[PDB]
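Given as structure tokens, the chain that follows is alone and in the form deposited without the RNA.
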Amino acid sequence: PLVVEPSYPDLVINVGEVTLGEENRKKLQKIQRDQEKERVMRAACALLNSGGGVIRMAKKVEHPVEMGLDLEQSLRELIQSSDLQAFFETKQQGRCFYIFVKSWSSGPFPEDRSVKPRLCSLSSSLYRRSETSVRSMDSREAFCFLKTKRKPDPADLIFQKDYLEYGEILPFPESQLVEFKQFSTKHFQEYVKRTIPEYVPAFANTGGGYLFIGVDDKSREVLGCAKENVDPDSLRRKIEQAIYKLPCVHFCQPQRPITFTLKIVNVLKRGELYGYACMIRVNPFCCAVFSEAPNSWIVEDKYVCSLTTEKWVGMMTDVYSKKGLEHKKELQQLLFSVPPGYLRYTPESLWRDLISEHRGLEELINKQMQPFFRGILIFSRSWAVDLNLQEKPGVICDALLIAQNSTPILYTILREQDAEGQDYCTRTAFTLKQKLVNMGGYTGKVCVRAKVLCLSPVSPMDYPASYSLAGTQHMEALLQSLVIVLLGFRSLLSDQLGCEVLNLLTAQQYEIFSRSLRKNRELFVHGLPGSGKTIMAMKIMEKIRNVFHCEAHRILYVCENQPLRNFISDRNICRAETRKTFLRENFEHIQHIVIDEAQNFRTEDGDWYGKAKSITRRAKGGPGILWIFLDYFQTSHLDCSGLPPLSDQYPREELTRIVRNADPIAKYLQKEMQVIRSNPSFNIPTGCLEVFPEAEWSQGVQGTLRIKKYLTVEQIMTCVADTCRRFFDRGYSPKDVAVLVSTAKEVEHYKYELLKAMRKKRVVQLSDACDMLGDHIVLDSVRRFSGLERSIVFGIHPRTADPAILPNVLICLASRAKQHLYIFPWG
């Protein structure tokens, strides 16, 4: 059989000695020539169906030869096109001849799913009657036929006769429904055994028909066979055995077998019996009938294996990120934009960390990157772990190079020379290349080279020039498949792409929401947890100054909490003040007002709503903009907020799509929101919590959620400290992490005890929520962190004075986390 050889970062199949050249292949016998051709075509079909590769064959001569006309024509039949260069390219060196095969279909969701078949075959074994002939369906014809089947006569008079006269003339000719076959007595049982599999499936696949055996084709004479050789009882058994042996695949209930009527009639000569005539009526079949298993091949594990009939039909009729496929062009420009003129190293934070730890690493990389003047060099502490492979001790970092006028190269950097290092780098380069096609949907010609570098001071296959990245179009198309591949795994770059997907979902919802500015002057925005309520408020104030041409100091932002005030005030889009500041000072110059977390406001210090209404209505442009953002699920107290009654809060906009938290976090939010509806707080209005999320809305972003309980406070700190160190080793920055506790008075206690464990991790710098621009882990209370968000959030000991508000802190805490949430409840 054929075996893929594992000394290469690709699928390489050795077919052995092959005769090449047309004059050399002519001199061969038909048997040997056909065996060689079939071996080469099995290898080519396997590589077409398995994501591409190289066919290695040994030629018997030194001088360059052509491949041969029969091999060319078989490849043309294999891809159903004369454009043989699009999928095949040939190289030869001395005694070895290479065919580089490109993948037929790429990705789980190709752009041609309903157009082109997913598989190539040597034969589909699907035949149909085509007027007076039987033709096998090619891959496209078989694809259309199975698509059709999956969707939810003068000849009968002769068939009704009980006997036939010898030499009788049949009035009808051969047609779409009639086939005449002459029955020879020397091999009659063998002849009928091979006639059945080729004409019965053809009739059943198209409208049925009549098969007459014993009728001369040219003269239409009924002759039959010798009476002494044919046994009508024995002949019947052979025919029915062959008909029921034909493989059948059903797309329907019931699954009744093939239906036919077989009649053996006597052929009478001069009134005396001369022999028997075999007549078969084949009824049309509900589904596809195969004469045998399809001749399609695929590579699975280390062997070249043939697809079974049921598996072949499955692929011919039929983590993957839909968001990654949709936004792949936007995502690539954000993270993997290729700069013209120089080579870019990403991630830059990880690159600085690596060169600081390892002396001479920067010179090793820089000396290697001299030939390449444009592209990107993507670093990772282990690209194997990023692709769900095994971590190798001794590997410093893995770098993937995507540069112009070069093939992709995977660099594995070792601290010391290792024998198994080459196998580790080849296995990772193989996995990456296969993911780029079968997962990233790359439809071009791709190869990833495996190179090992050592810090301490098998031959490489030569691919055609079409495998080198020619320019920006090739590099961008390849990097857009890496975006899709990365988003299906858990890694730093996967998390950096996941954050940007959440930013694109928010930007999509904002454009729908931003259309309300023209239609409204006063608006109440009832946005669900995780719906981007604060992000929309920031973007609206950017649109207000653009649309109304007012200055930034003419727009006022009012919020309850100081950390959220500081975050907004640092953006320089408006003036940001606290409710207590709002009631005290005078804001007569303000034209537009945006109020956020208004459900957290309090009446004890004055009527803030009347003042906000008064300022905007007396403004120059009639009633100025007064938009009030609130979330009744995140109420922080049982006091009266000062908002108008729920029936007076009109007009309304509702943000029901969760677009700021990953899929595990979002599902936790909907679960906890259902608990609130089952027991709403008394201060909250009765029907406001009846706002439900979208019926079926998903983010398409991977996330993390673990709930760890019954741990002591000291054990809690060690779990937080160990988790952060693992995050920071892979390249995560400390400014992606927040630690949120129940109350602000416990912030000082937990800060000391966390710093006690975190000092062992070379991290002794912690900040509160009032500072979010520094590169430090923020530790503060859940309520004081309102409106802010971090990628990684640790929830430690949720608590409140009244258990009625207790389910709120879980919603308030979980909505602060974008991708990773760790909860440590009381026990």
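Only residues modelled in both forms are compared. Definition used throughout: the rigid core is the maximal C-alpha set that superposes within 1.5 Å between two forms. Residue indices: 1-based, along the sequence shown.
Engineer: Which class fits the unmodelled deposited stretch between residue 318 and residue 319: none, 1 to 3, 4 to 9, or 10 or more?
Structural biologist: According to the record, 10 or more deposited residues lack coordinates from residue 318 to residue 319.
Engineer: Going by the record, give me the number of deposited-sequence residues missing between residue 152 and residue 153 as none, 1 to 3, 4 to 9, or 10 or more.
Structural biologist: Gap between residue 152 and residue 153: 10 or more unmodelled residues.
Omitted from view is the form solved in complex with the RNA, to which the following refers.
Engineer: Can you pick the stretch from 443-451, 722-730, 184-192, 159-167 whose heavy atoms fall within 4.5 Å of the RNA in the entry with it bound?
Structural biologist: That would be stretch 184-192.
Engineer: Tell me, yes or no, whether residue 218 is in contact with the RNA in the entry with it bound, where a contact means a heavy atom of each within 4.5 Å.
Structural biologist: Result yes; residue 218 sits at the interface with the RNA in the entry with it bound.
Engineer: Heavy atom to heavy atom, is residue 30 within 4.5 Å of the RNA in the entry with it bound?
Structural biologist: Output for residue 30 is yes: heavy atoms within 4.5 Å of the RNA.
Engineer: Answer yes if any heavy atom of residue 773 is within 4.5 Å of a heavy atom of the RNA in the entry with it bound; otherwise answer no.
Structural biologist: No, no contact at 4.5 Å.
Engineer: Is residue 34 close enough to touch the RNA in the entry with it bound, meaning at least one heavy atom pair within 4.5 Å?
Structural biologist: Residue 34: yes, in contact with the RNA in the entry with it bound.
Engineer: May I ask you to choose, among 415, 667, 539, 135, the residue with a heavy atom within 4.5 Å of the RNA in the entry with it bound?
Structural biologist: Filtering the options by heavy-atom distance leaves 135.
Engineer: Counting any non-hydrogen atom inside 4.5 Å, which residue from 351, 180, 632, 97 sits next to the RNA in the entry with it bound?
Structural biologist: Contact residue from the list: 180.
Engineer: Among 91, 143 and 465, does every residue place a heavy atom within 4.5 Å of the RNA in the entry with it bound?
Structural biologist: None of them does, since no heavy atom lies within 4.5 Å of the partner.
Engineer: Could you run down 196-210 and flag each residue that has a heavy atom within 4.5 Å of the RNA in the entry with it bound?
Structural biologist: Residue within 4.5 Å: 199 only.
Engineer: Superpose the two forms on the rigid core, then report in sequence order the stretches of at least three consecutive residues whose Cα positions each move 2 Å or more between the shown form and the other one.
Structural biologist: The run that moves is 184-186, and no other.
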